Amino acid sequence: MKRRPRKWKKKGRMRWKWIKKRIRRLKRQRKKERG
Amino acid sequence: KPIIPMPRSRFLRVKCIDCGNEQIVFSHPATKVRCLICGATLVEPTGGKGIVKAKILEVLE
Amino acid sequence: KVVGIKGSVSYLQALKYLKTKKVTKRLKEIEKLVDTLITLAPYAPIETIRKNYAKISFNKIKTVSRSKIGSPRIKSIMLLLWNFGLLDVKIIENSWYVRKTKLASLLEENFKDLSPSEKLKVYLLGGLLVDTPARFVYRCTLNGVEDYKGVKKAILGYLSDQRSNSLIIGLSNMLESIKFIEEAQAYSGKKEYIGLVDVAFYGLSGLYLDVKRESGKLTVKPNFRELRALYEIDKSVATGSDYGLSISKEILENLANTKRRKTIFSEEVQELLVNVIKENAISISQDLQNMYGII
Amino acid sequence: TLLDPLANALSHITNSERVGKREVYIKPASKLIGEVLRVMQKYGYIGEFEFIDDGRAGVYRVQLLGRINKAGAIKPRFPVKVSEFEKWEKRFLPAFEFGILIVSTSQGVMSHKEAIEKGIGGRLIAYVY
Amino acid sequence: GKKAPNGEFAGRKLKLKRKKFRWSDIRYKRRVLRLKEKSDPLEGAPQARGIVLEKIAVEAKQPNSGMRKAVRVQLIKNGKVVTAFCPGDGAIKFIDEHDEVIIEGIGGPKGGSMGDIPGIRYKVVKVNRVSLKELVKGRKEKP
Amino acid sequence: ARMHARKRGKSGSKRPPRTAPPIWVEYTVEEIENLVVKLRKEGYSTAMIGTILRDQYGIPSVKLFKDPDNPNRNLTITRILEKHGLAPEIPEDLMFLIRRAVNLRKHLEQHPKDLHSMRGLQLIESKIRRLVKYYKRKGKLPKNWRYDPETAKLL
RNA sequence: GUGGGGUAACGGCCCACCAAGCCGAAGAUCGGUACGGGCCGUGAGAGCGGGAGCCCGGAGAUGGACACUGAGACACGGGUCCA
RNA sequence: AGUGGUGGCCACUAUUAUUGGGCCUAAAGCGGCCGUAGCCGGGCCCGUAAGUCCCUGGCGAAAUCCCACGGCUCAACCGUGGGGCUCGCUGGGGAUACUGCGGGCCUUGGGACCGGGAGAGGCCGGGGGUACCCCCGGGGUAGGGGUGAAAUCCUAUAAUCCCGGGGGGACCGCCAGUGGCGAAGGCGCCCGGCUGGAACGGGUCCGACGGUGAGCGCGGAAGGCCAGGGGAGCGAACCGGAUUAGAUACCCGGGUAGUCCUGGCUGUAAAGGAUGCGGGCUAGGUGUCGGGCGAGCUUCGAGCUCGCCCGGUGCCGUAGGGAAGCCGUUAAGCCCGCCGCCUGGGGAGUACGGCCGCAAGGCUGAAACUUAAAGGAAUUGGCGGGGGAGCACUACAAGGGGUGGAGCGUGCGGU
């Protein structure tokens, strides 16, 4: 995981922690489907 | 802060109390200055200048 | 399943440089690692294990750099040494228990003052000379095997040949490793898992073989020039079964085709290796029966 | 750690004269520093300059006349021949023939103007204007 | 600290650093790998000859309100299909179904969609080899 | 004292810019050699030898005396030890670090969980290795010579 | 490397033996891309970009392969074979 | 006699920064340290002359380019004459200032030693404190607990509560700070044992051994994981009580993993000073910490007061810098060294691939397409279930009158 602090400004966007959790969920399911 | 650094420490020409031994000693010793003959302590190495115990005769630069 | 060594797939390529005199840092690492492993494992002879075996502390194995070596690497080298019948290793809950075999402590003693490369080379050859799974793989190659399918069919036949009780356990492990890694080596290009057939092909790569990776496959090819020397050595000291695997006519004629190569080592080393196993064939063979065989 | 006495000296001079002191002491004294100090004083930028035997590396004492605007040592010792010299005057000086540069030619450290008629190349060492 | 390396014997690193960071540029990356010349439907062609398939219009971006006429063109050269804006007043009537047409990039920012209409990349110039501007002016006649 | 701590403290010391030895000294150049060899045969290193000479004998510096055996080299206590088969083959400065490293290594053997001392070791062996490399450049040490902890135990 | 072959000619170019060399982190190998240069475009210049148009050098006759004849060719308007 | 549209290239751009950019707040210093190659390196003498510089022989074709003259009206074009390149190559002579190479000399930088003094510097053993929980005995009836309210919940087989005994795990309050120490994370009960480091004073020792650091190695908060133990309190999940239109929450009552010990893995954070490290230069003021010094006080314990020097640690502040916020010797000012990173926004830290890990995850990392801004400091209003002050009848405090109940008038919503 590389990041960019500029995202953490909440103007119009979800809290970054939850987004970073959801993307992990998607990666998990995708790798599981492949293997 | 001077342009050139001078040494603050001096030397002392010292006559001993007991046996009358004449010696040259550093102003800031690190160990106990023992006379040649009687062996008694002369200067005590402290944090700063050593604590002379004999009698000074003359300072030297 | 039984051995899922992951993340060190290419760590065993370096043995091929032992075929020549090329010297690398990696080969030096292998040399010191194997020497340390052999030194650690004692030659004592479930209660026997963890009483006159040696638990291995992974984090306590360090190079001469005060730098550690990856756990999969230590696992791979230990598993290889076992595969060549040089170390008796046992797996329990989170502990590897090692012990020096009988071929070890003899190949160790007789060659105490060789080069590290010479020491390793004689170790592999001495393991190969006796009835070891490595010997079975070498016989498979002599039959023209260059794939996992060929060796699995060969061992299926041998186990079904009613004279497999001397090495049944080790060969069962071989078949197990082939299972559940066939996909990695045949059906998925990404392998990330080295089977026992793969580590078997390595080592042979350090004597007379070259290995090519093809979308998981471990395609094999020997060279007849080098194969001739140890083929002659084996027929000179025939302390090992054929396992009912004939030499192919093609490999036979191609061995006949080439000219004689150098005898790997010096002739003194050749005769020492010959006589050491000749005079102790029974003891090492029955130790191997104890190790891989049922009874 | 110290790396180059000369550039440090020239920065010392410039920074000391921005506030506008009178007597400046440079600690790391070397021969090349003196050969440098000859040149601009020959152009009247500085007053007297002299060497003081400290006992470790010597000190250089200079009086400042308040003449120099900027005096700096070009580091990467660019070797320059004669006929292309102008290409560097546009890089370090504010106007046509304003100020000088120092070159270490085969004949020693010396001003750039005097090198044009002497017809000598060499490596640029410093500049002042 | 000081921008580095400044050494007289530092040519290798001074060159390598600049070459590396020239990749951080985007236009140079766009040129040297020529991926403009791999993603292009027009294959670096300021013109192309296509066949029209159906006329469509799009809503202008807000606050601009209206109906922007255009057509869909499959390209005889290669076969890709793209939208094609039609300029002129009432020019959609002039452009008919199944027309040989000449199409060309619309000259927006970076070649993007021009002005207040999104998505589109190209505009029409000649219809059946006849310049559309005059036909907007009515000076000529479609064959 | 900034290679590791990077702290600019200056507990250093000052010497006068003296070229000639002081007039008030009475010992001749021959007596200082006798005194230093007497101290050294007792088993004193050149640093502590010098401290004693300046402390009780009151001599500012041997370096202020010019070598009778060489007109262009200042006399040094180390050179005097060399003049009479007393100079050490391993220079004192590195020998002290060797013994410190060995004893600390014993402490770490007895205390595996002290990582601060581990780092102290990690830096003082870098000091030893740096000076070994320097001496290899200068040649005072044999080219093949390489510190090894097991050999260091012997030393 | 030794000793030989064929070449107009030296050369592993080729052959028998002998030995383990050679290259690579300063970028080998592999892949992408591409005839090199005099030059040309732009720019105050440092520089960036390009190499078709005239001259020199390199190479090719649909892809491939091969001889003869000739001082000179594997030969655009000479020859032979596969597709 | 051109003129427009479009596409490719250079400039515009110092948006590729050698000349010549930034990285505290706008994209941009990796959490920290060590260290190889490489790069950059103290002063003086002697030698060499490779680089470096001046002179000179051979050589870089023609064509193009600059200029004078001449010919075609002139021009373009052509010739006569002079000049220029990538001219990178090569023969020889001359110089020794700097770099390089060799030899010698010298300590300021760095490293090394010694004396007292300071510090939550680390590891190991022993002792011990307070509080808390459980258990036993005595007393005590009639509740306790908790909230905005209650409820769940414990309790009469004696609860809460008080006293007297037993066990247990965790942690070591105030002193405590703008204090100290540590490379950073981080480090506090007392004693003892081992161990690292710094500062101060003395160069007393080596003689440039140095700085940086691609590759490399190391240890490194909480949480999670593997194996065994342990589990007083707290408490992810979960289970109930409540609240609400809706409660998966905030609130309350319980409660597993966790939190603790031993071995190992994971390599993570707004690991922030959002400031990579070494040297030198540049007004000052102002307190404490350590060491040293000079005085005075001193019941003579650095015990106490004032000045000075060194190191670290704040604030204010001259000039200076910056878009400003602000920084301003502990620099975000001026020079000298080296590595990393940054090149509109989003996609995206994603896809694919590689490497590591037991797993979760880690280290690397695009493109298509889309958009005119994103973004930063800062001024004026508006607003706050923000604060402070002042007021107040189209407001309330106390008091009085009265509508909405019935009908009617007056005009209105709606038919």
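Cut-offs used in this document
- The numbering scheme restarts from 1 for each chain and tracks the written sequence of that chain rather than necessarily the entry's numbering. Residues without coordinates are not displayed.
- Key to labels: chains lettered from A, ligands numbered from 1, both in the order written.
- For clarity, the chains displayed are a part of a larger assembly, and the values are limited to that part.
- Hydrogens and waters are ignored; side-chain quantities use all the structure's heavy atoms.
- UniProt positions are given in the numbering used here, feature names are shortened, and annotations may be inferred rather than shown by experiment.
- Residue contacts are defined here by distance: any two heavy atoms, one from each residue, within 4.5 Å place the two residues in contact.
- Throughout, the accessible surface (probe 1.4 Å) given up by two parts as they are put together, summed over both, is called the buried area.
- Within this document, salt bridges are pairs made up of a side-chain nitrogen of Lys or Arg and a carboxyl oxygen of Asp or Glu, the two lying within 4 Å of each other.
- Pairing of N or O atoms within 3.5 Å defines a polar contact, subject to two protein rules: one partner must be a possible hydrogen donor and the other a possible acceptor, and residues neighboring in sequence count only if both atoms are side-chain atoms.
- Helix and strand definitions follow DSSP, with helices as H or I runs of at least four residues and strands as E runs of at least two, each counted in order from the N terminus.
- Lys, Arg, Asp and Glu make up the charged group, whereas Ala, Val, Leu, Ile, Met, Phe, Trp, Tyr, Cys and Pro make up the nonpolar group; the residues left over, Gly among them, are polar.
- The disulfide criterion is simple: two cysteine sulfur atoms within 2.5 Å.
- Whether a residue is buried, partly exposed or exposed follows from its accessible area with a 1.4 Å probe, protein chains only, as a fraction of its type maximum: under 20%, in between, or over 50%, in that order.
- Here a strand pair is declared whenever DSSP counts at least two bridges between the two strands.
- When we say a residue is near a molecule or strand, we mean one of its heavy atoms is within 4 Å of it.
- Residues forming no salt bridge and having over 30% relative accessible area are the ones grouped into patches, like charges within 9 Å of each other and nonpolar side chains (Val, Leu, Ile, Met, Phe, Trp, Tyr) within 5 Å.
- What sets the accessible areas is the Shrake-Rupley method with a 1.4 Å probe; for residues, cover comes only from the shown protein chains.
- Positive charges come from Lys and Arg alone, negative charges from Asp and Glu alone, with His and the N- and C-terminal ends not counted.
- Taken as the charge centre is NZ of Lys, CZ of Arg, CG of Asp or CD of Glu, depending on the residue.
- Between the first and last residue of a helix there are one fewer steps than residues, each counted as 1.5 Å, and that sum is the expected span.
- The arc in question is traced by the directions running from the helix axis to the C-beta atoms.

As annotated in the PDB entry, chain C is Archaeal Ribosome Dimerizing Factor (aRDF) from Pyrococcus furiosus. The title given for this PDB entry is "PF30S-PF30S dimer mediated by aRDF from P. furiosus (Structure I)".

A UniProt comment under Subunit is attached to chain A, and it reads "Part of the small ribosomal subunit." The Sequence similarities field of the UniProt record for chain A holds the comment "Belongs to the eukaryotic ribosomal protein eS32 family."

Caption draft 1: The arrangement of the interface of chain B and chain F in detail. Contacts between the two partners involve 19 residues from chain B and, on the opposite side, 12 residues from chain F. With both chains or domains summed, chain B and chain F bury close to 1,300 Å², and 60% of this area falls on carbon and sulfur atoms. Among the residues of chain B in contact with chain F, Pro7, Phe11 and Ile24 of chain B are the three that bury the most area, contributing 31% of the side total. Counting across the chain B and chain F interface gives 0 salt bridges. Between the two partners, chain B and chain F, sit 3 residue pairs in polar contact. Among the elements of the structure, β1 (11–15) and β2 (22–26) of chain B are those that each provide at least two residues to the side of chain B that touches chain F. Per element, the largest residue contribution to the side of chain B that touches chain F is 4 residues, and it comes from β2 of chain B. Partitioning the side of chain B that touches chain F into residue classes produces 13 nonpolar, 3 polar and 3 charged.

Caption draft 2: Structural view of the state of the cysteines. All names here are of chain B. In the structure shown here, the tally under the stated rule is 0 disulfides over all chains. Of the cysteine sulfurs around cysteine 19, a residue in no disulfide, the closest is that of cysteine 38, at 3.5 Å. Since its relative accessible area comes to 33%, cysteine 19 is described here as partly exposed. Not part of a disulfide, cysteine 38 finds its nearest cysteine sulfur in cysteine 35, a span of 3.5 Å.

Caption draft 3: Structural view of the sheet that holds strand β1 (residues 54–55) of chain C. All names here are of chain C. Pairing within the open sheet is antiparallel, and its 3 strands lie in the order β1-β3-β2. In this open sheet, the two edge strands, each paired with only one partner strand, are β1 and β2 (87–92). Bridge count between β2 and strand β3 (residues 95–100): 6 bridges; the pairing is antiparallel. From the neighbouring strand, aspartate 88 faces β3, where its bridge partner is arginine 99.

Caption draft 4: Structural view of the protein's contact with RNA strand H. Near RNA strand H lie 150 residues; those nearest to it are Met1, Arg6 and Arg34 of chain A, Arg18 of chain E together with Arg73 of chain F. Contact between RNA strand H and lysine 27 of chain A: a phosphate oxygen at 3.4 Å from a side-chain N or O atom of the residue. Between a phosphate oxygen of RNA strand H and a side-chain N or O atom of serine 24 of chain E, the distance comes to 2.6 Å. For the surface near RNA strand H, the leading source of residues is helix α5 (residues 115–138) of chain F, giving 15 residues. Taken together, the residues that form the surface near RNA strand H break down as 38 nonpolar, 47 polar and 65 charged.

Caption draft 5: Quick peek at the pairing of strand β1 (residues 23–26) of chain D. Residues and elements named next belong to chain D. Of the two faces of β1, only the one carrying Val24 and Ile26 is buried; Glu23 and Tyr25 on the other face are not. Examined bridge by bridge, β1 and strand β3 (residues 59–64) share 4 bridges and lie antiparallel to one another. Looking at β3, one finds that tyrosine 25 is bridged to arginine 61.

Caption draft 6: Inspection of the side chain of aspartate 54 of chain D at higher detail. Among the secondary structure elements, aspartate 54 of chain D is positioned in the loop between β2 (46–52) and β3. Looking at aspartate 54 of chain D, its side chain comes within polar contact range of the main-chain nitrogen of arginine 56 of chain D, at 2.8 Å. Sequence-distant contacts of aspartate 54 of chain D, defined by excluding residues within four places in its chain, comprise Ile4 and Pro5 of chain B, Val59 of chain D together with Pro17 of chain F.

Caption draft 7: Up close: the environment of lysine 32 of chain C. Residue and element names in this part refer to chain C. If you trace the backbone, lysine 32 turns up in helix α2 (residues 25–40). Residue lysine 32 is classed as buried on the basis of its relative accessible area of 17%. A C-alpha to C-alpha distance of 17 Å links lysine 32 and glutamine 13, two positions 19 residues apart in sequence. A distance of 2.9 Å separates polar atoms of two side chains, one belonging to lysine 32 and the other to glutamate 29.

Caption draft 8: Geometry of the environment of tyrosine 148 of chain C. Residues and elements named next belong to chain C. For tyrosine 148, the location among the structural elements is in helix α7 (residues 148–159). Given a relative accessible area of 13%, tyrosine 148 falls into the buried group. Between the alpha carbons of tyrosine 148 and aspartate 198 there is a distance of 8.7 Å; along the sequence they are 50 residues apart. Sequence-distant contacts of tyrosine 148, that is, excluding residues within four places in its chain, are made with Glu182, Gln185 and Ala186.

Caption draft 9: Spatial organisation of a positive patch on the surface. On the surface, a cluster of positive charge is made up of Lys21, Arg22, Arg25, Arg28, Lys31 and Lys32 of chain A together with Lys6 of chain C. Structurally, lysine 32 of chain A is set in helix α1 (residues 16–34). Judged by relative accessible area, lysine 32 of chain A falls into the exposed class, the value being 55%.

Caption draft 10: Seen up close, helix α1 (residues 5–19) of chain D. Residue and element names in this part refer to chain D. Over its 15 residues, α1 runs 22 Å from end to end, which matches the ideal 21 Å to within 8%, given 1.5 Å per residue. Residues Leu6, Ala9, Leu10, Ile13, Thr14, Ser16 and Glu17 constitute the buried set of α1. An end-on view of α1 places all buried positions within 170° of arc, on one side of the element. Opposite the packed face of α1, turned more than 90 degrees from it, sit the exposed residues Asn15, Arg18 and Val19. In this structure, the buried side of α1 is in contact with β1, α2 (31–42), β3, β4 (71–72) and β8 (122–128). Two to three positions downstream of the cap, the backbone nitrogen of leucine 6 sits 2.6 Å from a side-chain oxygen, assigning the N-cap of α1 to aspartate 4. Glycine 20 occupies a position one or two residues after α1 and carries a positive phi of about 95°.

Caption draft 11: Molecular detail of the pairing of strand β7 (residues 108–111) of chain D. All names here are of chain D. For strand β6 (residues 100–105) and β7, the ladder comprises 4 bridges, and the chain directions are antiparallel. Bridge pairing in β7 places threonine 105 opposite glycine 108. Counted along the chain from β6 to the antiparallel partner β7, the turn is 2 residues long.

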